[PDB]
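Participant: This is the structure I want to talk about, given as structure tokens.
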Amino acid sequence: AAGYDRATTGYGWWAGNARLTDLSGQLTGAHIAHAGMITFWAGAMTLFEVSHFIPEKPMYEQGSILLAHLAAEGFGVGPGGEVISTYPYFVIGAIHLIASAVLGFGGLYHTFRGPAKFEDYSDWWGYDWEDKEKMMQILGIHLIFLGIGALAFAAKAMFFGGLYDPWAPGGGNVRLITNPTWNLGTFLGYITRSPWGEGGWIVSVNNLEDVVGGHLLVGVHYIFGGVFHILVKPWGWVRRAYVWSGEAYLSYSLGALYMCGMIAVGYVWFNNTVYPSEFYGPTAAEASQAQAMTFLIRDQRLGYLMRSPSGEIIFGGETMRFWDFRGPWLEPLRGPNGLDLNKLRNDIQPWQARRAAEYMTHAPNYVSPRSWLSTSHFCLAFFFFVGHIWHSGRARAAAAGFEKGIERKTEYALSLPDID
Amino acid sequence: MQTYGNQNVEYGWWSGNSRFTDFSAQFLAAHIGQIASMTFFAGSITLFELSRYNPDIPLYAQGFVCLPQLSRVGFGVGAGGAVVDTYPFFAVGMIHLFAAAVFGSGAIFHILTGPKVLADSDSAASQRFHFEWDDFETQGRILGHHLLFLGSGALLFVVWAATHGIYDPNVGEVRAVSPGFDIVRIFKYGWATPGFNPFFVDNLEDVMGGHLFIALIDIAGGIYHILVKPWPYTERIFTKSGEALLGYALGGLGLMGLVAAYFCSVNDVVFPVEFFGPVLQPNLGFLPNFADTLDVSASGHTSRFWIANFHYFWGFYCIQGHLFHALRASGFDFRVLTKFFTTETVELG
Amino acid sequence: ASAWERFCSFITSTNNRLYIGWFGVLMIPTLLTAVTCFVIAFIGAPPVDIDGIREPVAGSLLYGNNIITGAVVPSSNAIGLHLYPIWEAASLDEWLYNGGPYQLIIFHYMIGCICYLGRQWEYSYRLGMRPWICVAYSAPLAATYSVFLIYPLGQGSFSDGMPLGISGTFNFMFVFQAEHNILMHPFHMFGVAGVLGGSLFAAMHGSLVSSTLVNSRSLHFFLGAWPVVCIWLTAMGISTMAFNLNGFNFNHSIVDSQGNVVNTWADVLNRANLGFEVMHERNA
Amino acid sequence: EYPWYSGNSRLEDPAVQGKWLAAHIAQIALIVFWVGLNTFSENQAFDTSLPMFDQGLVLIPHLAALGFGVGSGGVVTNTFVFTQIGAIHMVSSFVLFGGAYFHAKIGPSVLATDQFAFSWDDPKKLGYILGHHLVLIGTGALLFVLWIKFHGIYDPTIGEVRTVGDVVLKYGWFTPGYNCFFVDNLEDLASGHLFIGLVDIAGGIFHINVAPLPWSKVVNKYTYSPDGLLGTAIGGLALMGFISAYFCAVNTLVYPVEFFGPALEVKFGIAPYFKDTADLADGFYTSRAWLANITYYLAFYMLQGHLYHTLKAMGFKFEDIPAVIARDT
Ligand code: CL7
Ligand SMILES: CC1=C(/C=C/C(C)=C/C=C/C(C)=C/C=C/C=C(C)/C=C/C=C(C)/C=C/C2=C[C@H](C)[C@H](O)CC2(C)C)C(C)(C)C[C@@H](O)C1
Ligand SMILES: CC1=C(/C=C/C(C)=C/C=C/C(C)=C/C=C/C=C(C)/C=C/C=C(C)/C=C/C2=C[C@H](C)[C@H](O)CC2(C)C)C(C)(C)C[C@@H](O)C1
Ligand SMILES: CC1=C(/C=C/C(C)=C/C=C/C(C)=C/C=C/C=C(C)/C=C/C=C(C)/C=C/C2=C[C@H](C)[C@H](O)CC2(C)C)C(C)(C)C[C@@H](O)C1
Ligand SMILES: [Fe+2]
């Protein structure tokens with residue numbers, strides 16, 4: 001073999017993949033194989049969780065996370081967060097396993113059998129990193145695919161079964177969204193909402209109409225942006241404000257992924273709408289408020305609230321930190337200024353009173369799916385931030401030329417005027 | 001165009017529409033496209049308003065500019081300004097959209113038909129349409145034909161008001177209107193003698209008589225301009241260039257926009273209250289405004305408010321654009337402004 | 001020599017006494033704001049209702065405390081994660097009473113820290129050297145973001161954040177131990193190994209070099225890498241504990257054959273945690 | 001030369017003409033094939049008890065309008081007729097596939113009988129082709145008229161099927177007793193269909209008989225070309241689609257409320273659409289809504305494609321567009 005050793009590449013075995021920078025075919029094979037890995041994991045974990053599923057216990061008590069994602073989309077669920085049959089989960093897992101098989105075959109084929117460098121075979125598939133137009137077009141194509149995917153999710157929510165809306169009457173129910181939001185004022189109010197406790201940036205969405213409309217809007221934009229990238233050149237200032245190499249593009253992707261990971265943690269930890277509490281269990285706010293309300297129920301049966309800093313009616317104790325929390329089982333007992341005591345006196349329907357205790361027990365011995373997802377993806381996001389810094393610095397230095405060390409005889413610091 | 005001194009000027013894309021100032025076919029194409037855009041706006045906005053019409057809400061409270069204008073000119077309005085049948089609005093908008101499609105087709109046709117210049121086209125009859133930015137005879141004939149079209153439009157309005165009727169807020173219901181004709185009262189509205197003020201016309205009969213007069217005047221002027229070459233003094237006064245004619249037209253349009261803006265806020269007859277809303281009042285702080293004269297609490301603004309303010313701004317900035325284009329066409333280059341803070345005189349032709 | 005170009009050449013210039021750079025453009029105002037507010041609120045600042053119970057807790061020098069016991073009290077429990085800008089406050093005295101200065105300080109300080117990391121990278125670039133000092137600096141950055149930002153986010157309010165004071169730090173440590181048993185979390189064990197081993201390797205390296213000076217490159221690489229990796233791990237451990245994913249628990253593990261329970265050291269540790277916890281939790 | 005994704009442009013070559021013909025045959029087969037296939041699935045999923053405008057039945061209501069298993073109204077008594085029609089169409093599909101394959105690889109590569117053989121710039125050839133197709137179309141119209149005379153289609157006002165005056169010259173003026181999009185008389189439908197069939201046959205005779213005239217060769221500046229002819233056809237198709245969508249949305253005599261649901265309201269957001277005005281369950285739409293909206297938007301994109309092909313037919317090239325945006329950076 002040639003080019004698979006340190007001498008012929010300069011990279012130690014522990015940096016072996018670096019050798020793939022300019023071998024287009026094998027690099028593509030590696031990407032395809034890795035995608036196969038991801039989808040294989042998806043299918044295998046789905047099948048595992050189905051094989052260990054137990055219909056009586058809740059998903060969050062049972063300890064399944066890939067199943068809860070499908071349950072949110074409503075595949076084989078019923079009103080009040082009840083499964084009807086675990087068959088569609090098996091269907092999805094099997095499809096993913098088969099797709100993984102195909103992708104792995106393609107990855108092996110390009111890794112070993114197929115052409116090593118597509119530039120030799122053709123020119124549409126032969127690309128060099130420092131070709132700005134080619135990279136623009138590839139980015140555009142993949143953007144178009146993402147847009148089709150987002151529109152597909154919206155189409156499912158509108159025509160094919162819909163989503164499990166947990167704001168349907170009498171507990172959650174699988175619904176088909178028919179009135180998507182499209183007012184641009186709503187979209188701007190969502191974007192320019194404060195990320196702080198003063199609302200929530202995008203994590204504060206609470207109705208499914210906004211979710212479906214947002215996916216519609218983003219899919220349209222992704223398709224349009226992909227077309228734009230295919231059809232135009234990078235502007236001069238754009239050409240002068242970036243670094244054009246493989247590692248630089250990798251660093252940009254890493255930064256984007258770090259941002260997305262943090263936002264996903266925020267979603268899974270603060271959102272009870274697009275992550276229904278019926279499946280992932282109660283959020284920390286929901287758990288605290290349910291505990292407070294259940295204690296209040298018991299104390300009103302045997303014969304505690306307070307004023308907010310703005311003066312509304314809220315619960316008392318530590319739970320005051322969750323004074324603004326909104327929930328499906330708690331929303332009916334609302335009022336113009338906080339939950340009225342009179343409402344709590346005689347408006348507690350049985351299912352809400354059952355949900356309160358059921359959530360009080362399962363406060364995130366027992367670890368909620370929210371805890372697993374939040375911790376894992378916070379750690380992943382942090383490490384991807386570190387990777388973004390590493391690769392961005394390396395890209396900037398390598399483009400400049402001083403990546404492999406300072407030059408002994410032309411050292412730049414030796415020429416600067418002493419500051420003292 | 002202007003091209004101070006140096007010809008063959010290079011224009012960026014931001015000012016890229018000045019490139020075809022010399023290509024007669026492309027000029028035609030651009031303007032047919034623009035007229036297509038206007039009529040498309042009319043039809044599409046009519047439908048867009050019909051979609052969200054509420055019979056319960058008063059018409060002016062909701063944001064409309066087209067339903068009041070249609071309801072004013074007959075078209076399915078009952079007694080007391082009631083929108084009885086909402087189908088004629090649909091028909092009007094649909095005809096406008098069809099017309100827009102026709103115009104846009106013609107626009108693309110001319111943008112791609114033949115040569116950029118209409119002189120070279122071998123149609124041998126399209127060459128009857130090639131014009132120049134210097135010859136006042138051809139432009140006089142063009143002006144005559146367009147005036148003919150305007151007069152024919154005013155005539156059509158007179159006929160439609162005579163036969164189909166037209167809304168009359170003073171009467172309170174759609175009603176045929178006799179076309180008046182009193183040159184004395186027309187001129188008394190011209191002078192604005194105390195009895196008759198042009199912006200406070202009270203009888204639709206006077207409006208109809210004035211429209212009859214306008215139609216007659218426009219048709220006569222069109223005939224005259226088609227037949228008669230401009231006199232020499234009009235060559236002495238006006239410069240002969242495209243940007244100069246744009247400047248003249250812009251000044252005229254700015255004046256007309258200001259007049260219409262004042263008309264909307266004040267007259268109650270030709271802009272009935274039930275459709276457009278109560279009259280406005282003109283305020284002048286830093287810049288002129290039209291106050292709604294009504295509590296905007298839980299009612300937004302009347303349609304008359306929007307029309308009047310938008311057209312005040314349209315008129316004002318058409319005046320400013322007229323000044324800009326006249327200054328250029330007369331010969332003044334604005335680059336000299338950069339020499340302001342120096343000792344060099346900020347001045348040329 | 002466009003005015004904009006002249007400005008850029010001024011800021012991104014290696015002839016200032018302290019490099020500014022574009023990241024330093026954000027670093028300087030935020031750090032100055034944080035330092036000024038910290039000094040002011042540490043010398044004199046009213047008592048803060050830390051528990052959100054109308055009962056205050058003082059932490060300033062002019063209100064009785066000294067350097068060891070003084071602190072800047074975290075924002076009130078009632079505020080939660082709400083930003084509390086001065087202009088969003090009912091009255092200045094009230095705004096102090098709820099603990100706004102803590103929020104001001106920590107937010108400006110965190111922004112300044114991340115911009116300081118960026119500035120480190122930028123100057124490494126401007127001087128022509130491999131740009132990985134910032135990667136090493138990212139570890140203590142992660143630790144501060146853990147105690148000040150991520151832990152309150154997981155806990156729902158900034159009242160659970162770390163106080164800005166010497167004794168406040170210890171109080172935070174003991175409450176954290178009570179509620180999460182951090183000692184028996186493997187990531188903190190990695191962190192302890194990291195700091196102690198880093199000191200060990202520093203002493204060894206210094207002694208060797210200063211004794212003989214009267215792949216060797218991999219030596220310095222390992223020096224740099226070891227404590228940084230361990231601090232990353234322990235910062236991640238704190239962050240995980242911010243989401244109620246607590247450490248190991250071996251209480252009530254060995255049982256007698258008949259059914260009694262025999263104590264182990266873990267039970268003693270749990271009882272100590274119990275004491276710390278019951279002294280916490282004002283009411284229940 | 002053309003790439004694979006644009007492979008059908010290769011059929012534009014007169015070098016391989018007959019194969020081009022094959023494609024069209026195949027298309028029609030596919031079309032009629034679907035007419036079978038869809039119906040079968042529909043006949044599987046069609047419950048008799050429920051109103052016919054709830055489940056995804058589009059062709060079943062169309063048959064119901066043409067008699068075919070309806071009595072006193074709201075009556076379904078034999079699903080065998082639908083299966084018969086679907087089977088007829090699907091069997092015809094096999095014949096059309098056979099002809100498509102005969103011309104695709106068995107028949108001559110280029111038609112150059114030769115009477116069928118034509119060229120893109122032979123106005124007499126296209127004139128006679130047009131006449132023959134018009135004759136067939138008018139024949140189908142008259143066949144529908146005969147069906148009205150003998151079998152008779154469902155009527156809502158009469159509540160039952162029934163069999164059957166040219167004031168069409170007034171319907172064309174849309175006089176207030178008109179606006180054909182609101183026809184409600186079977187006699188009007190039958191008389192107008194008789195008229196259109198007669199006029200189509202007359203035009204077909206004329207086009208076979210007489211060549212294109214110079215007066216109308218003046219206006220057809222560029223349509224004597226592949227792209228031009230395709231563009232004009234596409235534009236005609238879009239026009240027809242718009243008219244059919246409006247008919248489906250508004251008209252109730254032809255599209256009975258029983259099988260199609262109530263009339264649609266024309267609404268406009270950024271783009272036009274048709275709303276149900278029916279208290280159907282959330283997430284469900286009447287078959288009328290599906291028909292009107294899908295038809296309309298297909299016609300809209302047919303109009304866009306007509307613009308594309310027409311522009312390409314005249315002197316315009318779209319691949320120049322980025323280059324322009326390159327110069328004016
Ligand atoms: C942690 C920070 C980090 C991130 C997140 C990151 N990189 Mg790198 N990275 C690359 C791709 C990459 C991609 C596509 C990518 C995003 O998907 C990332 N990276 C991301 C390649 C281009 C390039 C070559 C990489 C290469 O050739 O090989 C990779 C080397 C090794 C040993 C992989 C083995 C992983 C470690 C054993 C970690 C163990 C984690 C654990 C198993 C998780 C499960 C828990 C378990 C306990 C059960 C690269 C490098 C490199 C480094 C370094 C230091 C990094 N990185 C760092 C990162 C090179 O020297 C090096 C470099 O560039 O030298 C020139
Ligand atoms: C003077 C001069 C120039 C200037 C030339 C200009 C710009 C002259 C300006 C000319 C103007 C402003 C003419 C305006 C004329 C207005 C007319 C003719 C109004 C007609 C309105 C009518 C007929 C109204 C009709 C009804 C309509 C309405 C219903 C009323 O209720 C009643 C009723 C019926 C009267 C230069 C600058 C170009 C060159 C200089 O050297 C010389
Ligand atoms: C002139 C011109 C051109 C344009 C040419 C075009 C495109 C002209 C457009 C022609 C059109 C659109 C013609 C449309 C004709 C429509 C007809 C004839 C409709 C007939 C409908 C009938 C008879 C309906 C009958 C019933 C049917 C139905 C059952 C009703 O219940 C009852 C009843 C009786 C109404 C070009 C392209 C050549 C060049 C341009 O620049 C200029
Ligand atoms: C073929 C080709 C190409 C061109 C390809 C293109 C541009 C293809 C264009 C495709 C389009 C845009 C197709 C459009 C399809 C339209 C559809 C599917 C209509 C959908 C309407 C639906 C589903 C109903 C929606 C409702 C449903 C419900 C009733 C509501 O109450 C109202 C209402 C009516 C909106 C390229 C670019 C790929 C390559 C070229 O070389 C060749
Ligand atoms: Fe050293």
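Just remember, in the structure tokens the first chain shown is A, the second B, etc., residues are 1-based per chain, and ligands are 1-based in the order shown.
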Residues of chain A were defined as contacting chain D if any atom lay at most 8 Å from it, counting only C-alpha atoms; please report them as a list in words.
Facilitator: residues 158, 159, 176, 177, 178, 231, 232, 233 and 235 of chain A
Participant: Would you export the selected residues with N, CA and C atoms as a CSV table (one decimal), in the first residue's frame, please?
Facilitator:
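Everything below was put into again18.csv:
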chain,number,residue,atom,x,y,z
A,158,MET,N,-50.1,18.0,8.8
A,158,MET,CA,-51.4,18.6,8.3
A,158,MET,C,-52.3,17.6,7.6
A,159,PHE,N,-51.7,16.5,7.1
A,159,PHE,CA,-52.5,15.6,6.3
A,159,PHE,C,-52.4,14.1,6.8
A,176,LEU,N,-54.7,16.7,13.8
A,176,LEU,CA,-54.2,17.2,12.5
A,176,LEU,C,-54.3,18.7,12.5
A,177,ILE,N,-53.2,19.4,12.3
A,177,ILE,CA,-53.2,20.9,12.4
A,177,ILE,C,-53.9,21.4,11.1
A,178,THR,N,-54.8,22.3,11.2
A,178,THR,CA,-55.5,22.8,10.1
A,178,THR,C,-55.4,24.3,9.9
A,231,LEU,N,-27.6,29.3,-8.1
A,231,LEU,CA,-27.6,30.2,-9.2
A,231,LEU,C,-26.7,31.4,-9.2
A,232,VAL,N,-26.1,31.7,-8.0
A,232,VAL,CA,-25.2,32.8,-7.9
A,232,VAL,C,-23.8,32.6,-7.4
A,233,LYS,N,-23.0,33.5,-7.6
A,233,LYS,CA,-21.6,33.5,-7.1
A,233,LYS,C,-21.5,34.1,-5.8
A,235,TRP,N,-20.3,36.8,-3.3
A,235,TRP,CA,-19.9,38.2,-3.5
A,235,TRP,C,-18.4,38.4,-3.1
Participant: Within 9 Å of ligand 4, which residues show up when you count only C-alpha atoms and all ligand atoms? List them as a PyMOL selection string, please.
Facilitator: (chain A and resi 178) or (chain D and resi 3+5-7+271-276+284-302+304-305)
Participant: Keeping N, CA and C atoms, export the residues of the selection given above as a compact mmCIF listing (two decimals), in the first residue's frame.
Facilitator:
# COMPACT_ATOMS: atom_id res chain seq x y z
N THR A 178 -54.83 22.28 11.22
CA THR A 178 -55.54 22.82 10.07
C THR A 178 -55.41 24.32 9.90
N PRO D 3 -28.38 16.14 -21.36
CA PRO D 3 -28.10 15.26 -20.23
C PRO D 3 -29.27 14.34 -19.94
N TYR D 5 -31.09 13.85 -17.17
CA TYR D 5 -32.26 14.42 -16.51
C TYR D 5 -33.16 15.15 -17.49
N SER D 6 -32.58 15.73 -18.54
CA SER D 6 -33.33 16.32 -19.63
C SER D 6 -33.46 15.37 -20.81
N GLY D 7 -33.52 14.06 -20.53
CA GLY D 7 -33.41 13.07 -21.58
C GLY D 7 -34.49 13.17 -22.64
N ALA D 271 -51.89 33.77 -1.97
CA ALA D 271 -52.28 33.08 -3.18
C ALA D 271 -53.73 32.64 -3.04
N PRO D 272 -54.43 32.43 -4.15
CA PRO D 272 -55.84 32.05 -4.05
C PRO D 272 -56.01 30.63 -3.58
N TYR D 273 -57.16 30.36 -2.98
CA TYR D 273 -57.53 28.99 -2.63
C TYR D 273 -59.03 28.95 -2.42
N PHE D 274 -59.54 27.75 -2.14
CA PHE D 274 -60.97 27.52 -2.01
C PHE D 274 -61.26 26.86 -0.67
N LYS D 275 -62.15 27.46 0.11
CA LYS D 275 -62.49 26.96 1.43
C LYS D 275 -63.83 26.23 1.38
N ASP D 276 -64.03 25.35 2.37
CA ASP D 276 -65.06 24.33 2.28
C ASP D 276 -66.47 24.90 2.43
N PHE D 284 -60.15 17.03 7.47
CA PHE D 284 -60.80 16.44 6.31
C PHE D 284 -61.36 17.54 5.43
N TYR D 285 -61.34 17.31 4.13
CA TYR D 285 -61.87 18.26 3.16
C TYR D 285 -62.75 17.51 2.18
N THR D 286 -63.78 18.18 1.69
CA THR D 286 -64.64 17.53 0.72
C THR D 286 -63.86 17.25 -0.56
N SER D 287 -64.34 16.27 -1.32
CA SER D 287 -63.72 15.97 -2.60
C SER D 287 -63.72 17.17 -3.52
N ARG D 288 -64.73 18.03 -3.40
CA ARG D 288 -64.79 19.22 -4.24
C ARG D 288 -63.60 20.13 -3.97
N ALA D 289 -63.24 20.31 -2.70
CA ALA D 289 -62.09 21.14 -2.37
C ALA D 289 -60.82 20.57 -2.97
N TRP D 290 -60.62 19.27 -2.83
CA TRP D 290 -59.44 18.64 -3.41
C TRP D 290 -59.38 18.87 -4.90
N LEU D 291 -60.49 18.61 -5.59
CA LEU D 291 -60.50 18.75 -7.04
C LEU D 291 -60.18 20.18 -7.44
N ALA D 292 -60.91 21.14 -6.87
CA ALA D 292 -60.74 22.53 -7.28
C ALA D 292 -59.32 23.00 -7.03
N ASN D 293 -58.79 22.75 -5.84
CA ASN D 293 -57.49 23.31 -5.50
C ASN D 293 -56.36 22.65 -6.27
N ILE D 294 -56.35 21.32 -6.34
CA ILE D 294 -55.28 20.66 -7.08
C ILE D 294 -55.36 21.02 -8.56
N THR D 295 -56.57 21.05 -9.12
CA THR D 295 -56.71 21.43 -10.52
C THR D 295 -56.20 22.83 -10.76
N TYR D 296 -56.58 23.77 -9.89
CA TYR D 296 -56.20 25.15 -10.09
C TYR D 296 -54.69 25.31 -10.03
N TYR D 297 -54.05 24.70 -9.04
CA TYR D 297 -52.62 24.94 -8.90
C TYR D 297 -51.82 24.19 -9.96
N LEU D 298 -52.32 23.04 -10.41
CA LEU D 298 -51.71 22.41 -11.57
C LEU D 298 -51.81 23.32 -12.78
N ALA D 299 -52.96 23.98 -12.96
CA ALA D 299 -53.10 24.89 -14.09
C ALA D 299 -52.17 26.09 -13.95
N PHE D 300 -52.00 26.59 -12.73
CA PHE D 300 -51.09 27.71 -12.52
C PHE D 300 -49.67 27.34 -12.91
N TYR D 301 -49.20 26.18 -12.47
CA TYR D 301 -47.86 25.81 -12.87
C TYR D 301 -47.78 25.41 -14.33
N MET D 302 -48.89 24.99 -14.93
CA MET D 302 -48.92 24.84 -16.38
C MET D 302 -48.71 26.18 -17.05
N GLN D 304 -47.00 28.68 -15.80
CA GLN D 304 -45.58 28.98 -15.65
C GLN D 304 -44.75 28.22 -16.67
N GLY D 305 -45.03 26.93 -16.84
CA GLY D 305 -44.32 26.15 -17.84
C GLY D 305 -44.56 26.64 -19.25
Participant: Which residues of chain D have any atom within 7 Å of an atom in ligand 3 when counting only C-alpha atoms and all ligand atoms, and what is the closest pair of atoms for each, with the distance in Å to one decimal? Order the rows by chain and rising number and write it as CSV.
Facilitator:
residue,atom,partner,partner_atom_place_in_ligand_line,distance
D:168,CA,ligand 3,34 (C),4.7
D:171,CA,ligand 3,35 (C),5.5
D:172,CA,ligand 3,35 (C),6.6
D:180,CA,ligand 3,35 (C),4.9
D:181,CA,ligand 3,31 (O),6.8
D:183,CA,ligand 3,31 (O),5.2
D:188,CA,ligand 3,32 (C),5.4
D:189,CA,ligand 3,29 (C),3.9
D:190,CA,ligand 3,29 (C),6.7
D:191,CA,ligand 3,34 (C),6.4
D:192,CA,ligand 3,34 (C),3.3
D:193,CA,ligand 3,27 (C),5.5
D:195,CA,ligand 3,23 (C),6.4
D:196,CA,ligand 3,23 (C),5.0
D:219,CA,ligand 3,38 (C),5.0
D:220,CA,ligand 3,38 (C),5.4
Participant: Report the closest atom pair, with its distance in Å rounded to one decimal, for each residue of chain D that has an atom no farther than 9 Å from chain B; count only C-alpha atoms, sort by chain and then rising residue number, and write it as JSON lines.
Facilitator:
{"residue": "D:221", "atom": "CA", "partner": "B:113", "partner_atom": "CA", "distance": 8.6}
{"residue": "D:265", "atom": "CA", "partner": "B:51", "partner_atom": "CA", "distance": 8.9}
{"residue": "D:266", "atom": "CA", "partner": "B:51", "partner_atom": "CA", "distance": 7.2}
{"residue": "D:267", "atom": "CA", "partner": "B:51", "partner_atom": "CA", "distance": 4.8}
{"residue": "D:268", "atom": "CA", "partner": "B:48", "partner_atom": "CA", "distance": 5.3}
{"residue": "D:269", "atom": "CA", "partner": "B:48", "partner_atom": "CA", "distance": 6.6}
{"residue": "D:270", "atom": "CA", "partner": "B:48", "partner_atom": "CA", "distance": 8.1}
{"residue": "D:271", "atom": "CA", "partner": "B:48", "partner_atom": "CA", "distance": 8.9}
{"residue": "D:272", "atom": "CA", "partner": "B:48", "partner_atom": "CA", "distance": 8.6}
{"residue": "D:311", "atom": "CA", "partner": "B:112", "partner_atom": "CA", "distance": 8.4}
{"residue": "D:314", "atom": "CA", "partner": "B:112", "partner_atom": "CA", "distance": 7.2}
{"residue": "D:315", "atom": "CA", "partner": "B:112", "partner_atom": "CA", "distance": 6.6}
{"residue": "D:316", "atom": "CA", "partner": "B:112", "partner_atom": "CA", "distance": 7.5}
{"residue": "D:328", "atom": "CA", "partner": "B:13", "partner_atom": "CA", "distance": 6.1}
{"residue": "D:329", "atom": "CA", "partner": "B:13", "partner_atom": "CA", "distance": 8.5}
Participant: Using only C-alpha atoms, what does the table of chain C residues within 8 Å of chain A look like, with each row giving the shortest atom pair and its distance in Å to one decimal, sorted by chain and ascending number, as a Markdown table?
Facilitator:
| residue | atom | partner | partner_atom | distance |
| --- | --- | --- | --- | --- |
| C:14 | CA | A:416 | CA | 7.7 |
| C:15 | CA | A:419 | CA | 6.8 |
| C:16 | CA | A:419 | CA | 7.6 |
| C:17 | CA | A:419 | CA | 6.3 |
| C:77 | CA | A:321 | CA | 6.1 |
| C:78 | CA | A:321 | CA | 5.3 |
| C:79 | CA | A:321 | CA | 6.6 |
| C:80 | CA | A:321 | CA | 4.7 |
| C:81 | CA | A:197 | CA | 4.5 |
| C:82 | CA | A:197 | CA | 3.7 |
| C:83 | CA | A:196 | CA | 5.9 |
| C:121 | CA | A:393 | CA | 7.4 |
| C:125 | CA | A:397 | CA | 6.9 |
| C:127 | CA | A:413 | CA | 6.5 |
| C:128 | CA | A:402 | CA | 6.1 |
| C:129 | CA | A:406 | CA | 6.2 |
| C:130 | CA | A:403 | CA | 5.8 |
| C:131 | CA | A:393 | CA | 5.5 |
| C:132 | CA | A:390 | CA | 6.9 |
| C:134 | CA | A:389 | CA | 7.9 |
| C:135 | CA | A:386 | CA | 6.6 |
| C:138 | CA | A:386 | CA | 7.4 |
| C:155 | CA | A:284 | CA | 8.0 |
| C:156 | CA | A:321 | CA | 6.7 |
| C:157 | CA | A:321 | CA | 6.3 |
| C:236 | CA | A:379 | CA | 6.2 |
| C:239 | CA | A:375 | CA | 7.2 |
| C:240 | CA | A:375 | CA | 5.0 |
| C:243 | CA | A:371 | CA | 5.6 |
| C:244 | CA | A:364 | CA | 6.3 |
| C:245 | CA | A:371 | CA | 6.4 |
Participant: Identify all residues of stretch 89-305 of chain D in strand (DSSP E) (DSSP on the backbone) and supply them as a count of residues only.
Facilitator: 14
Participant: Enumerate as a VMD selection string the residues within 9 Å of ligand 5, counting only C-alpha atoms and all ligand atoms.
Facilitator: chain C and resid 205 to 206 209 219 to 220
